[PDB]
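Coming up are structure 1 and structure 2: the same protein chain in two forms, each one given alone as structure tokens.
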Structure 1
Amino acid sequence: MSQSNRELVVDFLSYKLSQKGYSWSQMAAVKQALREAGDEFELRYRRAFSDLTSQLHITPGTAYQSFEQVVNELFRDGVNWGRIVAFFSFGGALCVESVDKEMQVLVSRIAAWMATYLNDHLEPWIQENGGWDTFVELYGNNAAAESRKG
């Protein structure tokens, strides 16, 4: 339990630091900025277009086909930070739809597909466009939501 206990402590402290605008580490800052960006993306998307999850239609036999058809079109002509947030939000919605349909078995698979796509097809762009540090500079401190509300 030693390492699970350290993990629980770190998660809790990271959360409480984030609530006051602080961070446990650079990685925690990235995670937080991405959480906040996803929340805001999904808010904008559902007000304009529909709840994303409600639009998704998955079964274990075609789950990757569903994922790939969307992700390949999203990035067909290139990458930018807004599309990277969209990618995360889509994967989140696909996982929620899967569990809605009693198919939590698909969640691990989706996470793997996302990590692989990030590594193979997004990271090369990220590492030439300022890296995750730039993502935090641009989206951290709930920046996207703050701009809209302004």
Structure 2
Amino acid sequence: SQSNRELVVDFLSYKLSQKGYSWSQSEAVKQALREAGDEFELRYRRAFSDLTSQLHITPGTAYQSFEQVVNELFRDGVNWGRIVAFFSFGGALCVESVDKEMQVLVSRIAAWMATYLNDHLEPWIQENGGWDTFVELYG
């Protein structure tokens, strides 16, 4: 149970409840990410909703859709905004999965997110002041 895993789970659990799904499977960091994710989704509502709906999620295409969006997202480098988009995207992927009755994808998307965070985002996060800097700038 890594810190990145706990962050992904708090974000996804929040997002699923915000979208009508009751449960399940720092607090300052978590609250900041919840708010930044809400702000991102409201800022790009229509285009964000079109992106996720247009993917047409299936247990077999979910990973490639995730990989393709994430890869394109961090093409020109990492920044706090794109990290917010990544959590938001993953969040939209989980709700979409529960909406379409493919709830088996929820913990799968959680793993792919925790893995991508640990492997390709943790260094940059540390080099750009850690999560405490994110709470200051976005929370």
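Shifts are known only where both forms have a C-alpha. Numbers follow structure 1, counted from its first residue as 1. Definition used throughout: the rigid core is the maximal C-alpha set that superposes within 1.5 Å between two forms.
Comparing C-alpha positions between structures 1 and 2 after a rigid core fit, one residue in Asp51, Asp39, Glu68, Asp120 moves 2 angstroms or more. It is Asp51. Core-superposed comparison between structures 1 and 2: CA of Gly131 displaced by less than 2 Å. The two forms, fitted on their core, place the C-alpha of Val10 15.5 Å apart, compared between structures 1 and 2. For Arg109, the displacement of the CA atom between structures 1 and 2, after superposition on the rigid core, amounts to 0.1 Å. For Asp77, the CA shift between structures 1 and 2 after superposing the rigid core equals 1.6 Å.
Listed in sequence order, the shifted runs between structures 1 and 2 are 2-26, 47-56, counting only residues present in both forms whose C-alphas move 2 Å or more over at least three consecutive positions once the core is aligned.
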